[PDB]
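To keep things clear, I will list the structure first and then write my remarks on it.
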Amino acid sequence: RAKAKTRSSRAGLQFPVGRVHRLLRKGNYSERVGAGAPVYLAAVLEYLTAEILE
Amino acid sequence: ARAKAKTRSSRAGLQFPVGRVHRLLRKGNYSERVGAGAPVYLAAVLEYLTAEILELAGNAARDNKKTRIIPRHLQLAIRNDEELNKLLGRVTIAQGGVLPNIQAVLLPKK
Amino acid sequence: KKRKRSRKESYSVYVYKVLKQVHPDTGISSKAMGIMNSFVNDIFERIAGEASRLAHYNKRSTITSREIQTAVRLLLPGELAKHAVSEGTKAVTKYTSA
Amino acid sequence: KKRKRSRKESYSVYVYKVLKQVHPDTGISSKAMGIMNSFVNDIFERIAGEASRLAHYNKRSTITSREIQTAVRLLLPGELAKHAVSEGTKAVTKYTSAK
Amino acid sequence: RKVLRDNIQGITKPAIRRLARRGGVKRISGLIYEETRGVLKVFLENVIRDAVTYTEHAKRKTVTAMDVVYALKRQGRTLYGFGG
Amino acid sequence: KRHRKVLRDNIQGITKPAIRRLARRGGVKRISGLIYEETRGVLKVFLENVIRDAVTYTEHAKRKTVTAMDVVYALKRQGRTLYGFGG
Amino acid sequence: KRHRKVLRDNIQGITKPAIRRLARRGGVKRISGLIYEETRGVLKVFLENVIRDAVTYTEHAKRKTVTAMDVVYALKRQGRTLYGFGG
Amino acid sequence: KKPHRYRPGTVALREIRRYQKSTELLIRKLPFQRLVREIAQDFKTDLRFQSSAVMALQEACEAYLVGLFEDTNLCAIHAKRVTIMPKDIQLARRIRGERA
Amino acid sequence: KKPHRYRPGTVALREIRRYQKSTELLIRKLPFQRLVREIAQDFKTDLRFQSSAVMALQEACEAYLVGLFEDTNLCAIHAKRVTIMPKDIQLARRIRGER
Amino acid sequence: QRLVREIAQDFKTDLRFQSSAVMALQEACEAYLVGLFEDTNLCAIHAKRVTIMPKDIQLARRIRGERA
DNA sequence: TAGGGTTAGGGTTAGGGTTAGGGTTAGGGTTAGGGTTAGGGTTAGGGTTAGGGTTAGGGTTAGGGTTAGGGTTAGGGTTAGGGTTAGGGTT
DNA sequence: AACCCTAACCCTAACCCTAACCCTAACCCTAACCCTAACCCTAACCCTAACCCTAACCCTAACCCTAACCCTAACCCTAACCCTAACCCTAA
């Protein structure tokens, strides 16, 4: 709680990297999410939303 | 201490297991809590479907007169009944041939 | 041998008992066991599978008996549904008594 | 009366910030936010559904990056999975290398 | 509300041609109009029956839009838009 | 050191008799001449697609052998469930 | 023995420095990053086109060896005219 | 009267163009709020439809019919005809995997 | 001299009836073993195929092909023709949706 | 030596390349490539840029007439 | 790596099935006037919900025993080869 | 009716076998809890129904021009024997 830096900003991705972790965990997809997976899956959604929106 | 130690499949009178089916629902990650009543409904619903395929399969083998069910009989039973041809309509049974049908125009009329 | 093989599980013993009840004098070849054992393991992923989603939409967190009766009225056809929703409740009724 | 207000959650702020990098000057009408917020929720239920089957077939219990990457190689087609496996690899490399 | 024949006669002959002209057809035979009232009645029976089964699970007596977006998704024709 | 031929079977073995045996099971009565080159073009875009997904699963386990459970797992995704060849 | 044959890694055999030494003779000062894949596309079409005409002359003479007076007789038709490495 | 009586085939190639460049819905709303409610009375009595689920059934039963019609047209141009006929709609469904 | 030449197209009706009543595979195993080996080289080299993997691929591939030819036939009988042709195969693939 | 050998497999197999044939192919292929770069450079200096890029190579090939 | 038997691979030939052309007639197309119904509004009242504390029974869960299911194995019961006889017509 | 194919066996002889037999491993009874699907006013909104209108849209004739169909030949091309003898099986 010393200072607040968004987990999206540290990896420089616009799409949320905190919300995708809760939705992967609370949908019962698997027992232990891991921490290299929320960040990879918030970048394969952002590239696709930047192909249809351009 | 314990006493009778009677089995769950025996209590409900269903041949298919009601012990293995509960473990698989719990560790497949379908949902966090599985109610005890639910495995018993699944074992019964699966049993009726196996009895329909095996009973219909046997009749077709009797007509061929061989005394063992084999893959070709199962295709002929599954692909004839209307309801079982709309659940298993995409599945391809291995070593199963095709049902015999020839269109009239190809067939020499005269 | 000294391998200590993990081994596998099969619903093959159970299928043989059912074959005996419906017809008491026929038998099944091993290739036929393979097609049948797969079906019992493919109608356990469609029927259980629709139950998982039906729990989340509602917000409820358990897969109880009603949720496996709204997944047999949707993933099974027409008259193999009325004769299977009815067959299942009878076994649940007996279990509750004993 | 007071409060008693549920909070609907939608990815709509984040689709009005990728329209402000690719094309400054244009704006999205309300229906297009609909037909977009229902796209992000459809390619997140096809990459968390081929990564919860790959974990179980191989008898393992965690979805690490390799698993969320096997799905992109299978579900997305050509000239779309190629321009996506790389985009993720640069984005995770920054997370570990730079703190 | 009703139980008459105006249900399938509501898809009138002009609007069973304009739907077609959005597809490319240039001449339409007389009996297409009867067969294409039959095919729409079967599709609606299958989409409506599955919406009712989900509605009963929650005990509600109103068939909301999300239930139709979940009936169509199962049969292979996803809809995007009129729902979430 | 090397089989002199490196053709890896160029869509071969589907000889006129094999395509005139599969078609006859189908119901075809008078197969036309040009079909043989085309039916060696449709088999080709299918054997590749089951294969690309099949290798993709094996590289995930890091093993170097394509076992039949990998082909049954790939065939389910495209749409046809083979029952029992692998189980 | 030599139990291996030439795979298709060759097209990436041209290295990243070699395309930066055939472009510094050309006057280029700040080569951009994406050029390296494109320059392996322009060379790839050219090497096939001199080659197909080269094999077509050799098969006319029913030999099995592509000698340089065949490359020089193919390169004249396409457009260039190498003078020197040939007669 | 020397007018502009258009010859058969020039008021149908101007119609295909106007209707293929629009986004509106062809079926009238009130007659499709009664087909939906006479196919529901049989399944359960007293079901009250919402006002956005009688427009998500219109936009999925007017985008499957404009789907059969393109497949009927490819079939009726394979027998050298330009007029869709009722023996074409039946072929399209069989191959697609719908009624058989 | 007995030519006994059955008129054109009557040997084949006997062929159709006998072929539809048996399940043996109709493409030879040794040639097919190689077509898969060639189409696997591009995806990776050093891939070793177990015996069952070639067998499954033969049962699926025969089954897709047997089907395309029952739908091509249905299209041919529509135009009043009685023989399959190259053009008919392409209407079946556009309608089925494979494209 | 290898790129030429791989490209030759498709046209025929059992083709044996004399030493001079792979030398000539090196002194023609370098010359086509050295040239495209001088024309790509002329195009780049036109737009006010000082660096070659992927788009510039395509204008040089359409104008020279090779791609069609 | 033998080796051996049969499957594919070449020829001819005659029939039959596309295919192009040439008439014939109902059937969609194209305008033109009558007779609405399907859209909009406004009220209003009932008909179904959205939270919110509150039990109590149904789960989970972590200990024991112990039962039931999963591998291995001779010898018999089909079950196909394997030849005759049958039997269908079939050019 | 040229003279071609269809239908009894019957020896033949490996793979489904019942045990049968351990025995390994997974269920079950027996004790703990917690937590949630039941419960309830309410107050809120939104679906249903009713009323009015009116003007674009359907409906029902007439007239006549194409396009679907049925012949007509005919002529190319796909069918059905026949020596191979090459290659795929079959062990091993």
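Residues are referred to by chain and number: the chain letter is A, B, ... according to the order shown in the structure tokens, the number counts from 1 in that chain, and ligands are numbered separately from 1 in the order shown.
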
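Near segment 17-32 of chain A, within 7 Å and counting only C-alpha atoms (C1' of nucleotides), sit residues 7, 8, 38, 39 and 42 of chain A; 29 and 31 of chain B; 48, 52, 61 and 62 of chain D; same-chain residues fewer than 3 positions away were not included.
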
May I have the selected residues written with N, CA and C atoms, as a short mmCIF file (atom, residue, chain, number, x, y, z; two decimals), in the first residue's frame?
```
data_model
loop_
_atom_site.label_atom_id
_atom_site.label_comp_id
_atom_site.auth_asym_id
_atom_site.auth_seq_id
_atom_site.Cartn_x
_atom_site.Cartn_y
_atom_site.Cartn_z
N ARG A 7 -1.27 -3.12 -12.56
CA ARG A 7 -0.54 -4.27 -13.15
C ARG A 7 -0.59 -4.15 -14.67
N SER A 8 -1.62 -3.53 -15.24
CA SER A 8 -1.59 -3.33 -16.71
C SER A 8 -0.42 -2.42 -17.10
N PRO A 38 -2.53 -14.26 -16.91
CA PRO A 38 -3.40 -13.12 -17.05
C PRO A 38 -2.77 -12.16 -18.07
N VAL A 39 -1.45 -11.90 -18.01
CA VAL A 39 -0.74 -10.93 -18.92
C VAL A 39 -0.70 -11.39 -20.38
N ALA A 42 -4.21 -10.85 -21.81
CA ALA A 42 -4.77 -9.49 -21.96
C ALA A 42 -4.07 -8.83 -23.14
N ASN B 29 -13.52 -30.32 -12.48
CA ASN B 29 -13.65 -28.85 -12.38
C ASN B 29 -14.97 -28.33 -12.98
N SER B 31 -17.87 -27.89 -11.23
CA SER B 31 -18.29 -26.86 -10.24
C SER B 31 -17.74 -27.18 -8.85
N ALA D 48 -10.00 -19.83 -22.85
CA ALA D 48 -9.97 -20.38 -21.49
C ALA D 48 -10.78 -21.67 -21.52
N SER D 52 -8.26 -25.25 -20.59
CA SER D 52 -8.64 -26.03 -19.39
C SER D 52 -8.84 -27.47 -19.83
N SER D 61 -2.12 -29.33 -13.18
CA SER D 61 -3.19 -28.51 -12.55
C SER D 61 -2.98 -26.98 -12.62
N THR D 62 -2.13 -26.43 -13.49
CA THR D 62 -2.03 -24.94 -13.56
C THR D 62 -2.01 -24.45 -15.00
#
```

Distance filter 9 Å, only C-alpha atoms, chain I against chain F, as JSON, numbers by chain: {"I": [9, 12, 13, 15, 16, 17, 18, 19, 20, 21, 26, 27, 28, 30, 31, 32, 34, 35, 36, 37, 38, 39, 40, 43, 44, 46, 47, 48, 49, 50, 51, 52, 53, 54, 55, 56, 57, 59, 60, 61, 62, 64, 65, 66, 67, 68, 69, 70, 71, 72, 73, 82, 83, 84, 85, 86, 89]}

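Close contacts of residue 60 of chain C, defined as residues with an atom at most 12 Å away when counting only C-alpha atoms (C1' of nucleotides), with chain neighbours fewer than 5 positions off set aside, comprise residues 31, 32, 33 and 34 of chain B; 51, 52, 53, 54, 55 and 67 of chain C; 57 and 58 of chain E; 36 and 37 of chain L.
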
Output of the above residues as a short mmCIF file (atom, residue, chain, number, x, y, z; two decimals), in the first residue's frame, restricted to C-alpha atoms (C1' of nucleotides):
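The resulting file, again-v4.cif, is reproduced below:
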```
data_model
loop_
_atom_site.label_atom_id
_atom_site.label_comp_id
_atom_site.auth_asym_id
_atom_site.auth_seq_id
_atom_site.Cartn_x
_atom_site.Cartn_y
_atom_site.Cartn_z
CA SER B 31 -18.29 -26.86 -10.24
CA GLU B 32 -17.08 -26.41 -6.62
CA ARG B 33 -19.83 -28.37 -4.74
CA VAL B 34 -21.54 -31.56 -6.08
CA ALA C 51 -24.96 -28.47 -16.11
CA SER C 52 -21.81 -26.47 -15.38
CA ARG C 53 -22.95 -23.46 -17.48
CA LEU C 54 -26.54 -23.66 -16.19
CA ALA C 55 -25.13 -23.18 -12.66
CA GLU C 67 -29.47 -29.10 -12.95
CA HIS E 57 -34.87 -23.33 -14.15
CA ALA E 58 -34.92 -19.95 -12.38
"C1'" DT L 36 -26.78 -21.17 2.13
"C1'" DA L 37 -31.03 -22.19 -0.20
#
```

Between chain G and chain F, the Cα RMSD after least-squares superposition over all Cα in sequence order is 1.5 Å

Show which residues sit within 10 Å of residue 83 of chain K, as a PyMOL selection string. Count only C-alpha atoms (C1' of nucleotides), and ignore same-chain residues fewer than 5 positions away. chain L and resi 9-11

Export of prior selection with N, CA and C atoms (P, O5', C5', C4', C3', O3' and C1' of nucleotides) as a short mmCIF file (atom, residue, chain, number, x, y, z; two decimals), in the first residue's frame:
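Saved to again.cif:
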```cif
data_model
loop_
_atom_site.label_atom_id
_atom_site.label_comp_id
_atom_site.auth_asym_id
_atom_site.auth_seq_id
_atom_site.Cartn_x
_atom_site.Cartn_y
_atom_site.Cartn_z
P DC L 9 -26.99 -77.17 -44.57
"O5'" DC L 9 -25.90 -78.28 -44.95
"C5'" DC L 9 -24.64 -78.34 -44.26
"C4'" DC L 9 -23.52 -78.55 -45.25
"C3'" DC L 9 -22.17 -78.85 -44.61
"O3'" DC L 9 -21.38 -79.65 -45.49
"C1'" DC L 9 -22.03 -76.81 -45.78
P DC L 10 -21.15 -81.20 -45.17
"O5'" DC L 10 -19.57 -81.31 -45.02
"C5'" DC L 10 -18.72 -80.18 -45.28
"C4'" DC L 10 -17.88 -79.86 -44.06
"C3'" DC L 10 -18.39 -80.46 -42.75
"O3'" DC L 10 -17.30 -80.98 -41.98
"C1'" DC L 10 -17.97 -78.19 -42.47
P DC L 11 -16.75 -82.46 -42.25
"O5'" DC L 11 -15.39 -82.19 -43.03
"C5'" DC L 11 -14.17 -81.93 -42.31
"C4'" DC L 11 -13.67 -80.53 -42.59
"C3'" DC L 11 -12.39 -80.16 -41.85
"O3'" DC L 11 -11.67 -79.20 -42.64
"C1'" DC L 11 -14.05 -78.67 -41.22
#
```

Could you please write out, as a PyMOL selection string, every residue of chain F that DSSP assigns to strand (DSSP E or B)? chain F and resi 65-66+82-83

Report as a VMD selection string all protein, DNA and RNA residues lying within 12 Å of residue 6 of chain E, evaluated on only C-alpha atoms (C1' of nucleotides), omitting residues in the same chain fewer than 6 positions from it. (chain E and resid 12 37) or (chain H and resid 30 to 38)

Would you write out those residues with N, CA, C and O atoms, as a compact mmCIF listing (two decimals), in the first residue's frame?
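Contents of the output file out_29.txt:
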```txt
# COMPACT_ATOMS: atom_id res chain seq x y z
N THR E 12 -46.60 -12.39 -44.77
CA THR E 12 -47.36 -12.21 -46.04
C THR E 12 -46.51 -12.36 -47.29
O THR E 12 -45.30 -12.33 -47.16
N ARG E 37 -43.09 -20.93 -45.46
CA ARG E 37 -43.82 -20.59 -44.21
C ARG E 37 -43.64 -21.80 -43.33
O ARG E 37 -43.72 -21.67 -42.12
N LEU H 30 -45.78 -6.30 -35.73
CA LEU H 30 -47.00 -6.82 -35.05
C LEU H 30 -47.38 -8.22 -35.51
O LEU H 30 -47.78 -8.98 -34.65
N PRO H 31 -47.32 -8.62 -36.79
CA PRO H 31 -47.60 -10.00 -37.15
C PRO H 31 -46.54 -11.00 -36.68
O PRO H 31 -46.81 -12.16 -36.75
N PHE H 32 -45.36 -10.54 -36.26
CA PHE H 32 -44.34 -11.47 -35.71
C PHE H 32 -44.37 -11.43 -34.19
O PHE H 32 -43.47 -11.99 -33.57
N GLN H 33 -45.32 -10.72 -33.60
CA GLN H 33 -45.44 -10.77 -32.12
C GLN H 33 -46.63 -11.67 -31.85
O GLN H 33 -47.07 -11.74 -30.71
N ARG H 34 -47.19 -12.27 -32.90
CA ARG H 34 -48.28 -13.24 -32.67
C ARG H 34 -47.84 -14.63 -33.13
O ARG H 34 -48.36 -15.59 -32.59
N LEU H 35 -46.91 -14.75 -34.08
CA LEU H 35 -46.40 -16.11 -34.41
C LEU H 35 -45.60 -16.60 -33.21
O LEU H 35 -45.71 -17.77 -32.90
N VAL H 36 -44.83 -15.73 -32.58
CA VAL H 36 -43.99 -16.13 -31.41
C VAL H 36 -44.89 -16.55 -30.26
O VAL H 36 -44.53 -17.51 -29.58
N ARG H 37 -46.04 -15.90 -30.04
CA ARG H 37 -46.91 -16.19 -28.87
C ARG H 37 -47.94 -17.30 -29.15
O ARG H 37 -48.70 -17.59 -28.24
N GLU H 38 -48.02 -17.83 -30.36
CA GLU H 38 -48.91 -19.00 -30.58
C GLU H 38 -48.07 -20.26 -30.67
O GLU H 38 -48.65 -21.32 -30.91
```

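Taking atom CA of residue 3 of chain H and atom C1' of residue 63 of chain L as endpoints, the distance between them is 15.4 Å.
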
Could you write out as a VMD selection string the residues of chain K within 12 Å of chain B, counting only C-alpha atoms (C1' of nucleotides)? chain K and resid 58 to 60 64 to 69 77 to 80

Would you list which chain E residues are within 7 Å of chain H using only C-alpha atoms, as JSON, numbers by chain? {"E": [1, 2, 3, 7, 8, 10, 11, 15, 18, 19, 20, 21, 22, 23, 24, 25, 26, 27, 28, 29, 31, 32, 35, 40, 45, 48, 49, 61, 62, 63, 64, 65, 68, 82]}

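Residues surrounding residue 6 of chain C within 12 Å are residues 70 and 71 of chain K; 24 and 25 of chain L [only C-alpha atoms (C1' of nucleotides); sequence separation below 5 positions excluded].
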
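When atom CA of residue 46 of chain J is paired with atom CA of residue 23 of chain D, their separation reads 26.8 Å.
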
Exercise: residue 51 of chain K partners within 12 Å, only C-alpha atoms (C1' of nucleotides), chain neighbours under 6 positions left out, as a ChimeraX atom specification: /D:1-6 /L:40-43

Near chain F, meaning an atom within 7 Å, which residues of chain C appear when counting only C-alpha atoms? Write them as a count of residues only. 3

Output as an NGL selection string all residues of chain B that backbone DSSP marks as alpha helix (DSSP H). :B and (8-12 or 20-27 or 37-64 or 71-78)

Go through chain H residue by residue and, counting only C-alpha atoms, keep those with an atom at most 12 Å from chain B; for each kept residue give the shortest atom pair and its distance in Å to one decimal, ordered by chain and increasing number, as CSV.
```
residue,atom,partner,partner_atom,distance
H:97,CA,B:89,CA,9.6
H:98,CA,B:86,CA,10.4
H:99,CA,B:86,CA,10.4
H:100,CA,B:86,CA,9.5
```

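Interatomic distance, atom CA of residue 75 of chain C to atom CA of residue 66 of chain E: 19.3 Å.
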